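Presented as structure tokens, the chain that follows is alone, the form deposited in one PDB entry.
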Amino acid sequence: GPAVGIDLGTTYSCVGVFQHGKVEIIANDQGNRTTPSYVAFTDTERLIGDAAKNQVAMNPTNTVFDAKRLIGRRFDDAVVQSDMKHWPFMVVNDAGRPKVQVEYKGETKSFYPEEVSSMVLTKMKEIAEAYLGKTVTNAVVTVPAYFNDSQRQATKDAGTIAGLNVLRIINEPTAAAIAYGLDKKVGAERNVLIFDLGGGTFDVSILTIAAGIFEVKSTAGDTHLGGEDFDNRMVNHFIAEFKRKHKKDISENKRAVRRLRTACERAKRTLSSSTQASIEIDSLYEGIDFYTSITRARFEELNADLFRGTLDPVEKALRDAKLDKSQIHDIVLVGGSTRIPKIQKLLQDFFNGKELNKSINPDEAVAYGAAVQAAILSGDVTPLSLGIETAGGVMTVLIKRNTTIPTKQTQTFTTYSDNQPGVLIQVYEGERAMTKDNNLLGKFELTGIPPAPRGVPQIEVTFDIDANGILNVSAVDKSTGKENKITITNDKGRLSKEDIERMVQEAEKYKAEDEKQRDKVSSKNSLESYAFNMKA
């Protein structure tokens, strides 16, 4: 059977399959193309998805949601402690690990976060088996790009507990970019911005894509921004309008607030396609009908700070990627809140009128991409940065990865110590800040340097890659013309695509440590006479 793509989301999940040249997003038993990531425990039974979310107001302490915010984390994590305060269900500490604790069939029960997510995955797996008429065992599951190794491993465990063989865990922004065919471009590298406003979180990611390989350059966002915050601004507006018109505060009455909030969500969706929405609630409070309206402009005004606030993580991400906004080749809109026209207009104005990729249903695009990647797994540029070791074992890059071949790059270096008789040129490949974490390709010495104080002798190092892919590295003492050279072969099958992806992933994992190492370094043009990695 074909492998499925599963967007395991904070508030909802979505499953899709690539069949007959086309992705189909699979509707569940209620006919819905997404399924809430909720699990409810009752005296009679366990409910998953739509049934769970429907009865939440009736059974809030035994209805679990937001398990993705706990997955992979320790109880003591500051995120977990802050998030606990807002949840009606109990989270307890079992040997350093959080568990949700609920009453089920009269018995107190506790579940790890991955157990809860595995129940969501079982429901997704069942939804797909009903659609396909056959068992589903293979799946691609997505996670946020900022998930660390423990969160990724805990997501795979949930898939295993559910009986899925997880082919690969891939990042949500990568899924989205695959959905839009940005990997199939086959040309010079492209910078892609993924703008993901939905499922209770706001994530901005910048990716580079070249030769079928994705690298996450930077991520920013807000973990507690979503559509409910926009709806809440409307709710408080209408509570105030009711208090002003009828001198009554409906905040006392839980159901009244619930009815208003439901009306406000509906109006928000209307305002994405019309310039005004009608609110009609019979007997909202003390028998008073609440018939009114709201314009798109008022809704935008009510949310002005939240809407304009989404550009601050965009600016942050661009800074961390060391990119200007003009250097972004592709903008991709993911998440249900990106249907809001003011959001789209703010983003487009920020990018000087650049057209946005948004034709794929923004609620489904991540599942769309996972489904395509699952199908692939079922069935000329430099791959890695090139440089030499400078003083202290620092990787100093002469040719960034994704550089077009042929190419020639030269840089000038000096000596680290006084009267240094020679320098050791050590060629490395990789994306880490220290040579010890990259791959040594070759080394040669340039000796005969005339005695001089530190920093005086000038050594020019040249990296040349011809059309055949052979790398020639040479060094010249600029005071004498004496030189030395090494040739480095690039046979087919030296690096597999998997080897490249591994190197890229390690770079994304240690991006924090390495970027602070690049701030920490003082001189990146000094060369020593010994290999730093062989020094005791």
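Residue positions are given as counts along the sequence shown, with the first one as 1. Shifts are known only where both forms have a C-alpha. In this text, the rigid core denotes the largest set of C-alpha atoms whose superposition between the two forms falls within 1.5 Å.
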| field | Interresidue gap class [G379, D380; deposited sequence, unmodelled] | value | 10 or more
| remark: Entry B factor averaged over C-alpha atoms, 181-189 against 388-396: higher for 181-189
| Between 433-441 and 281-289, which has the higher average C-alpha B-factor in the PDB entry? | 281-289
| said: In terms of recorded Cα temperature factor, pick the maximum from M84, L271, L424, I209. | reply: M84
| Top Cα B factor in the deposited entry, candidates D50, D66, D477, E506 | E506
| field | Third of chain Cα B-factors occupied by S37 | value | lowest
| message | Ranking the modelled residues of this chain by C-alpha B-factor as given in the entry, is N468 in the lowest, middle or highest third? | response | highest
| Looking at the C-alpha B-factor of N62, is it in the lowest, middle or highest third of its chain? | middle
| request: Select lowest, middle or highest to describe the third in which the CA B-factor of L302 falls within its chain in this entry. | output: lowest
| note | Among the modelled residues of its chain, the C-alpha B-factor of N165 falls in the third labelled highest
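Keep in mind that the form deposited in another entry is missing from the display, and what follows is about it.
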| said: Superposing on the rigid core, is the Cα displacement of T11 between this form and the one not shown 2 Å or more? | reply: no
| Exceeds or equals 2 Å, Cα of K22 between this form and the one not shown, core fit | no
| query | Once the rigid core is lined up, which stretches of 3 or more residues in a row have C-alphas that move 2 Å or more between this form and the one not shown? | reply | 519-521, 523-528, 533-536
